[PDB]
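Form deposited in one PDB entry, single chain, as structure tokens, below.
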């Protein structure tokens, strides 16, 4: 009965380039949303996003290698390095084989796809970079990391849109428990704030168009919500077997105890008004942890700031909690951070973990006027302090009706 705990953290987010900075900014309710300026947004209905400010990998990635990797891959490597360093783990010859990676992305290298495609249109197959494939594909973060640290254990990449971070982390954990590994760096990286990403989600009408007030655009569960806001970044956790951790005396942020998956089987984009999909996923994670819905202090919602989306999620929370409806804390850091797509579940598992350490829960900012008959406590504007929270639940409900939920336990 192998148990899995967390002993390493790494992150780049719209509100910070480290774990603690990011975390401090969120408990302070700071918004990471600003107007986009790396491409001309005149024709774009959405002109703002959650960008990573002053990203630097100079000391981490040789500019000779940077040319071979899209921005999402660069974000992922960096957050991966932070996670490995913070872990203290030393990779030995007898170690390698048992240490792996489960890192994905929802969309991958949009930037270098557009670049290479632009080059092919203007100058034919020759303008295409010899690094096109490996610089864009979703599995290249796990690819580069394993090589960088000589990792030789199981290596996978889950690509389930919005649910990627949660899926990757949960399977990295299943892998360990199963016996396939002792250590796994799991998470997701994303950088979809490009013309194709902004115009594409805009073509679907899934995005907020509140350009006058970008920081007020992401407003989950609010009456004036008009779509999600895009966020760039990456979240990485070092997962590891309990005894292998103790035997080495490493910090242990928390324990991963439940993981549940479900499918809506409703529509390619819309969730059921019902929230049936989400319920199942939260329910399976509880059953998996072997606890009840009442034992959960905080739920980091999917809460993307979509009319139909936030309503499905609330409905599901009421459905799985019942009485505990208002007794539980539910918040969406997407209010300050935006939607990190493939990295969303990664960064949010980290908030779910940090919340346990600090007994503090981040707010759902911008929640000026709640919805119709919501009975839930969405930690409305300021961070709430908590007393005896032992378990936290993290939710991701993505495109294609694919849902997941992670449950973390204190110490």
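Here, rigid core means the biggest group of C-alpha atoms that superpose within 1.5 Å across both forms. Shifts are known only where both forms have a C-alpha. Positions refer to the first chain, counted from 1.
Below: the form deposited in another entry, not depicted.
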| After aligning the rigid core, which of 271, 109, 227, 80 is the one whose Cα travels 2 Å or more between the shown form and the other one? | 271
| message | Once the core is aligned, does residue 398 move its Cα by at least 2 Å between the shown form and the other one? | response | yes
| field | Note on residue 344-residue 270 C-alpha separation in the other entry, which departs from the shown form by 3 angstroms or more | value | farther
| query | What happens to the Cα distance from residue 270 to residue 160 in the other entry: does it get closer or farther than here, with a change of 3 angstroms or more? | reply | farther
| message | Residues present in both forms only, core superposed, 2 Å C-alpha shift required: which runs of three or more differ between the shown form and the other one? | response | 268-271, 373-375, 398-400
